[PDB]
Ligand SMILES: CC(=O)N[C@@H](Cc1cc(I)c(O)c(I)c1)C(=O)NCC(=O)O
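Single chain ahead, by itself, as structure tokens, in the form deposited without the ligand.
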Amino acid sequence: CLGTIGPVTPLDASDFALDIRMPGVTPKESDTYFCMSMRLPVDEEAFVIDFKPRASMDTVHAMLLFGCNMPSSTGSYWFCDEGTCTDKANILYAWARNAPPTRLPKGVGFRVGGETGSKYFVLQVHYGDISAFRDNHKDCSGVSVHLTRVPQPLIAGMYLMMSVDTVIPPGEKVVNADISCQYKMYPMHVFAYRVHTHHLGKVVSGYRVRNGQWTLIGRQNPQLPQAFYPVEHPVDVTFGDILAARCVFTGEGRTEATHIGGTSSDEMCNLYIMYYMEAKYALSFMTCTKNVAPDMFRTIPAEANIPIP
């Protein structure tokens, strides 16, 4: 936080590192999410290929890195409750304390810059428990990013699944939020995933369904750290398969109905599926906001319901 490392350190011929650090912030209460931005130094296309977390051990619980064109603020920093990005927050990295970080496979890179690519990174740093004192304590937590202009042969992106149609009535023991779209692109290979809900979430499970056979992509309690969990053996998703996902909620202790689709006195059901695709057929993001094949869930594997506390 009195370091001298610089915002751009050119590496070999065609690479560079970007040090994305909080500008000396001071978290005052616990559970605080501060956000900041770095613009890419290049207008042309570029490939994020590695990450080094540089977090203050003492207090930082989680870190997220996003790629987007419109950060919710132009200030040196802001509370992330304001928003992350005004446009798509294309999530690229998540670090949790104790979580394994998930390393990109050799030759996989996120595509940024140029025409489609995100022009800004937005870093989100989550501070759990501050101590009482620490007079004026400045913190410069963040991440360094390895960019290269050398074209990568595998491109990574995010397939996002979200539920927006389903209500949790109060006191209802167990409620299933279900999500499914047909896949219609060139092949993706899912190598990681992260889940997200708020406090009524019990388990999130993601599948590839091919000719009525379910293959597990990943499965997790969303009350654990929302880092990216690795997929033991990467699952290939190809044309005509179906992605299906099930969030299990409860409505216990809840007074009125709770809606799964935004705000804060709301719930959410998101599965972030991180993939790669051969560069020439690739795209950086895909979304599913529907349940096209709802009856299919009568055959969901039993593992999808058994909780993982």
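Position 1 is the first residue in the sequence shown; the rest follow in order.
Note that the form solved in complex with the ligand isn't included here; everything after this is about it.
Of the residues given (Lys202, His137, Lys88, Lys119), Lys88 alone sits with a heavy atom within 4.5 Å of the ligand in the deposited complex. Between the options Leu160, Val190, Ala96, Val108, the residue in contact with the ligand in the deposited complex by a heavy atom within 4.5 angstroms is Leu160. Of the candidate stretches 127-135, 166-174, 192-200, 216-224, only 192-200 has residues with heavy atoms within 4.5 Å of the ligand in the deposited complex. Under a 4.5 angstroms non-hydrogen atom cutoff, the ligand in the deposited complex lacks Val25 among its neighbouring residues. In the deposited complex, the ligand sits within 4.5 Å of a heavy atom belonging to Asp50.
Although the partner is absent here, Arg103 is a contact residue: one of its heavy atoms lies within 4.5 angstroms of the ligand in the deposited complex. Contact annotation for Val145: at least one heavy atom lies within 4.5 Å of the ligand in the deposited complex. Taken together, the three residues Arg54, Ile260 and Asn270 all come within 4.5 Å of the ligand in the deposited complex, as judged by their closest heavy atom. Contacts of stretch 7-32 with the ligand in the deposited complex, defined by any heavy atom lying within 4.5 Å, are made by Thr9, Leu11, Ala17, listed in sequence order.
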